[PDB]
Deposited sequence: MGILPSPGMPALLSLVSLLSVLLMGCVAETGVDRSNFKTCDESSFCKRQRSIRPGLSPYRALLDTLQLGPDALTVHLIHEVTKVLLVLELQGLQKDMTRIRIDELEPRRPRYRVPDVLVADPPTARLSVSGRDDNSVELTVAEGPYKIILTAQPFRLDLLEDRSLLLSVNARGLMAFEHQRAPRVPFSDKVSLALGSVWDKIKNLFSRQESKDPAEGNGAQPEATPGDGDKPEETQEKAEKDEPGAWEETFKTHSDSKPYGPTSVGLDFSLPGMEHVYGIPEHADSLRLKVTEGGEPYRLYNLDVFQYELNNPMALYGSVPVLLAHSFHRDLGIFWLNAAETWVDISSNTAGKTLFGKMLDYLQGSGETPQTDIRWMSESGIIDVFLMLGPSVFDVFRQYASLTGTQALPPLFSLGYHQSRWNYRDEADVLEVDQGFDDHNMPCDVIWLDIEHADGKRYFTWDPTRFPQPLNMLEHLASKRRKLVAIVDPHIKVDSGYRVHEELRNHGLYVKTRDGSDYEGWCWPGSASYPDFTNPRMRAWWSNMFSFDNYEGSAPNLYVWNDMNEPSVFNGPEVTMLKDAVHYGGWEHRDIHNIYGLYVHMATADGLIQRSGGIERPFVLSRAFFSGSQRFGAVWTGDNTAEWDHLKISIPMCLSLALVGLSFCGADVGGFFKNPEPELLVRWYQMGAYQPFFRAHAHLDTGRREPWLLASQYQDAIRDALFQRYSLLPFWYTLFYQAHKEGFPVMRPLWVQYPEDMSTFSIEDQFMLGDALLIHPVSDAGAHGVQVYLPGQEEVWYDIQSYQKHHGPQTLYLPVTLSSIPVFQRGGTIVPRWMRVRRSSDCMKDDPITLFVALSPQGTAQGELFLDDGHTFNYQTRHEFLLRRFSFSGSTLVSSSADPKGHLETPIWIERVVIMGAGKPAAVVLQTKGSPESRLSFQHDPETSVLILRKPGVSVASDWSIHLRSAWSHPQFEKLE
């Protein structure tokens, strides 16, 4: 089982690094070599025993960040520096020497308040805001930098020639006052990260783990080397920009958390993101690696998938099944059995002979299709893709110069070198409608197995000593191989349209920056209740590090879920960003209408709730795209001073407005919902019952229950006319749900555009509306005047929670006479429904309750 994968003791560089224990560091800074440059401070470091000379490059950056880079002064060969992950060269701030002694130099970033104290012996860095110590570097003396010398290592039957010998780097960080750290996905583990003292470090190495288990630090399919630290008082982030195999130790100790990163090769390159709030950290990290790509609206709908739908007739029966059972669905997925023997970009000539016709039928239902395209290419001289890549030398190579060959789904297969920009350009051009024969504008793509998975490779992946573009070793680039696949596919979908259509690409492997290219999911989970539960902490850990478009297979990939579990997973999935049902080849069919009526009805209700909330989902993703704020959020992000939220992972927020506690236990009769916030009220969106915070509420549940609460002070837009797909709905009127604060106020936003193009950016064709309630007046105004949109969308209804009965309701909009609205009021629930305002969503207007 797990003997297939290295523990830290079996990873020779991790064993060496981790044997260095906290103590007096042998490194010291040579203050005579210190130079203050235009962008950076450089100073030489030296190992006291080996006399090896390193160069520290220290930079203050705009937006309250610090960058630390350490490399060899005179290396025999260049070390790897991670490309294509940073979206720009980060703007710097000026450093000044503002203090110095014989063993210390104090530096000021710009004109304050941030300062960096460089200690010479032993080498050390302290980061301060005024006189408050924020963070220390190498305080435990764990810095380790194996220089390149003038080795051979075997695991199971695979031998790493390791021609450059030991080159691993490592460094420790101390976080005074921090007891809670988060991030570094992907692990099937709790949201709040555990100390690693008595066990394994957390491992970051994109790996394909068959039937992975829960509550363990084994590396899974993706790696985002970003750690967030939260306390009552401050938020910090650490971004370790290294693409090699990386291990992370976490230890606690007046409260303080120490973090240690250990990577196989490359330079030391770390960003310190100083907050002070968690939203400052979100902004800081987004300025470095970018923001969530704005998904086309259809991709926020429901996806129906399995391994595998049999043929074109099966796909069309599934499509018709949704309409015959009145369930919405936007996309049906085609797994690997749709191709000719797992030759990607092809179609099985018997079961998919007319793909354009199938796609046309789906388009007539205003639905899409997703086809899988993996990055392993069958070694087959009749396969044009293989022949082109072979002839143009675009494959990953071995040390003897031959193309690397491993084993995957089509048998023997080679692996394109996606680190090569010429290879990525070839890949993108292959998605043209002339090259990818049988594709059409409503066909989108799923990249799987892009760790890369190699069935006969060490740890089921590529050999460390395979050779990539520019002579870099596979051990140097491993964790960005999948990102490059994701990136090139997404660019292919953009290019095939002439640069107009937004892409949709789901990817299994990922790295920092993958949020720019589409969605991810947590791989091959299992149809069990604890796998349902763990989807929240896994997608929350991804949300915190910028990957907002996350989900888990609804129903579980492996095994057959009992119907009650499948209902609960639909309810859970309906309130998570990427919403796809998927299943293993040997499972029973579980399209949602194959269940008994009581289970069908609960699932249909969950699908209707999701489709009604699409305007809300779309606006949260627009805010993620513009600001870098996560869509799905831990409670502690919204309540940073409520220490009882710091570990919660059976509950989450969507934006700031909705709190979700899905039922995740068989036979449950109720749930305990923690409603946070001093002076805060929460509305049960099914009963409209208002609840004051903070409290733990016992809420009885039935099979149809999805515990959802809207926060007082928020306005949530909904499409109350659920149709068969999102395309059918995107011209429909909006219903506004206004949840009044105790002060009688509320606010919200709404983003609208054509739903699938870049016209919002290239032509400013979009709407961003601000809705605000205060006193007794609801006002719609523009939150961005640059955006204009031709749209028939109008406001058909306003639902106000927590309001008394007015005497009259008066609407004013520019260009129209003052109008009277009829209304309905429930004295028991204090719910006020305003009938048919009838005003365009593009117009300024106000409604007054008299």
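Mapping the modelled residues onto the deposited sequence reveals missing stretches at 1 to 32, 183 to 246, 350 to 368, 966 to 977.
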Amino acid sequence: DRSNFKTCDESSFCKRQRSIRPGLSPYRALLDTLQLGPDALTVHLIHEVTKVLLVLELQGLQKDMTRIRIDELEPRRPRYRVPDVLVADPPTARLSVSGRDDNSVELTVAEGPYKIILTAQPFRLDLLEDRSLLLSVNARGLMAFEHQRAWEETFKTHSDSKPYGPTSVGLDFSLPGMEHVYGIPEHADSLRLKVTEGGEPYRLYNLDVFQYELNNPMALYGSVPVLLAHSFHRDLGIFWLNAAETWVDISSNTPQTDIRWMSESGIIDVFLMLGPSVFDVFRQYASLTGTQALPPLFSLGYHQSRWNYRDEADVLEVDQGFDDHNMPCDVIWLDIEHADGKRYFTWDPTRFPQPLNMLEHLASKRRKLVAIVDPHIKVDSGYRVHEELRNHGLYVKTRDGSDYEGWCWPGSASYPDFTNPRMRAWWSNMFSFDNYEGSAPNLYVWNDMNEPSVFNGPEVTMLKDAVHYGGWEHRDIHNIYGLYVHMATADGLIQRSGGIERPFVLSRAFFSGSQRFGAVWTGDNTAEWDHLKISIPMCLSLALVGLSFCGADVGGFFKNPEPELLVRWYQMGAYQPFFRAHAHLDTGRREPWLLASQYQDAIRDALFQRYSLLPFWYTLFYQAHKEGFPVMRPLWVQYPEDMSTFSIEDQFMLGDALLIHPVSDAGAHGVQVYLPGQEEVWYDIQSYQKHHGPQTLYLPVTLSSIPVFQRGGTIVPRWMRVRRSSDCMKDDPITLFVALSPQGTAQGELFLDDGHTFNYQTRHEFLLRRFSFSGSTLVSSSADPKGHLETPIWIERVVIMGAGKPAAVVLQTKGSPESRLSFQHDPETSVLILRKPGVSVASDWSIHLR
From here on, numbers count along this sequence of modelled residues.
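The PDB entry reports B-factors from which the mean C-alpha value can be compared for 624 to 632 and 128 to 136; the larger average falls on 128 to 136. When the two stretches 56 to 64 and 41 to 49 are set side by side, the higher mean Cα temperature factor goes to 41 to 49.
Highest CA B-factor among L334, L752, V281, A596, as stated in the entry: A596. Take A110, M449, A519, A363 and read off each C-alpha B-factor from the entry; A110 has the highest.
Looking at the C-alpha B-factors along this chain, the one for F758 belongs to the middle third.
Annotation for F549: CA B-factor lies in the lowest third of the chain's modelled residues. When all modelled residues of the chain are sorted by CA temperature factor, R69 is found within the lowest third. Looking at the C-alpha B-factors along this chain, the one for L566 belongs to the highest third. Among the modelled residues of the chain, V701 sits in the highest third by CA temperature factor in this PDB entry.
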